[PDB]
Each structure stands twice: as structure tokens, then as C-alpha cells.
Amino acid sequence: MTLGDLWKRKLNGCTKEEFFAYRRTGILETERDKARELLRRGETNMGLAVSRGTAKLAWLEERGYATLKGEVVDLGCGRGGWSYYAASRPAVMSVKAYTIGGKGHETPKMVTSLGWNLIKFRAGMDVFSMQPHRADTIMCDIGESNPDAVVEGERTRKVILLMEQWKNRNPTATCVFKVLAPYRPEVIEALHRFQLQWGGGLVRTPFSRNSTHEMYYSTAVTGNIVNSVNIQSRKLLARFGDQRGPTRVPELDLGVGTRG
């Protein structure tokens, strides 16, 4: 058993009120009052982030932790926050965004955020069975939280195998992907294998809630995987009993309009 396993069991034990006080204490959080309202309407003229995923990818890019260039692929785009972020970047030539949709899953929000015309959105697609194609940048933000850590580990292992197939198709491609449950032994093993072949390492986003152990793997970064995960596990374990609340920051506004 690991520190992250204990955190998970610790987190499941929380009452509602303690879950609400724990999940956001000490985290950065975009103020989405306006963006939520634009989404609640049908507002198609919108450059504000369509989700909290946009700021996370921007945090990674702006730290030098993630490279976005050329033909981008967003695997599991949901509303498309990463897709719109990537499409706004001058180095990016095109985004091919895929998400499964269906009952209880988000579909792309259709909006005029800068560079939107460069995005090819495609719902009803299972990226785990899709054939990989050419890509310069491989993004994948897949990983649905679940009280059962074995399930989180299995979902995370499917993502890493997804990235192995896309990297086998595009060996020189950069990649950034969500690792929902990095503390699981099957996941540590798969990341270790991935790191031996493709390089990279794991980093923690300050926008991630304490309710999730998610870390992001990127080929732009380095580091001992086991140490990275334990460092995060210890921090999350510490945060219990603390309740200073989040630090609010403005949401990203990418502007609107087309790109060439």
C-alpha cells in the first residue's frame, strides 16, 4: 500500500462538510462566475475558458512544462478547454479534438475563442479504440475520479497505454497527459516504462483540487517518478485539517476570432 492509497481512503472517510473544506484549501482557482454564465446561456461569442482545464494547460505551457506546436491532437477533449487553448497558440497549426460524449459526459462547447476554426471537433469517438494518426503535439486529459482507487488505476493505465500507441505512431512528438492515480503500482510501472522509452516526468498543477491526486506527465520535464508522487501524496495528506480556502485568480480570456 502507498501514501496515495492512504490519502484516497482518508478522503473517502470525510463527511460532506469536510470534503468541501478540504478539496479547495490552498489551491489556485480561476474565477468562473462570468464564464459559467456565458456557458449557461447559449453564448457563442466567448473567449473566456470553456472549463477549468484551460488554465491548467496554460499553467503547464507557461512554466515550460508542456510544448504546443504544429498538428495538435486533444484526446478526450470534453468541452474543449485544452482544444481552445492550443488553437489560440501561434505555434499551433491545427487541432483534432476527440471526445466520447454520451450520457453524463461533456461534449464540445462551440464557441468563437481565438483560433476555433483550426479545431476539428469529433464527438462519439472512443480514443482507446481509434487508430493513431500523425501528430506533433499529443494531449490527453482523460481520467474520471472514482472513490475506488483500483478503478482510478485501471483508467490511468488505459491512458498511458493510449499515449504509448500515439507515441509509437509519432515517436518525436511531444506529449502532455493527465495521470489520474499516479500512486498506484500498476500506474507507477507503466509510467516507468514510458519514461525509459520517451523521457519526461510528472508535475502537479496548482489548480487541481485536493480531492484528486491527478498529476500531469510531460515529455518536456524530468524527474524520479516515485519521488514526485510521494512528494504530492505527503502534501495532500498534510492538507487534511487545514482549511484556509482557495486563492482566486482571473479566468483566462483568449479573445475571439479566426486564425490562419
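Start at 1 with the first residue shown and count on from there.
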| item | value |
| --- | --- |
| Residue range whose averaged C-alpha B-factor is higher in the record, 31-39 or 47-55 | 31-39 |
| Higher-B stretch (mean Cα B-factor, as the entry records it), 18-26 or 5-13 | 18-26 |
| Identity of residue with top Cα B-factor, from 81, 153, 101, 147 | 147 |
| For residue 158, the third of its chain into which the C-alpha B factor falls | lowest |
| Third of the chain, ranked by Cα B-factor, where residue 169 sits | middle |
| Modelled-residue ranking by C-alpha temperature factor, third containing residue 64 | middle |
| Relative C-alpha B-factor of residue 93, binned into the chain's lowest, middle or highest third | highest |
| Modelled-residue ranking by C-alpha temperature factor, third containing residue 122 | highest |
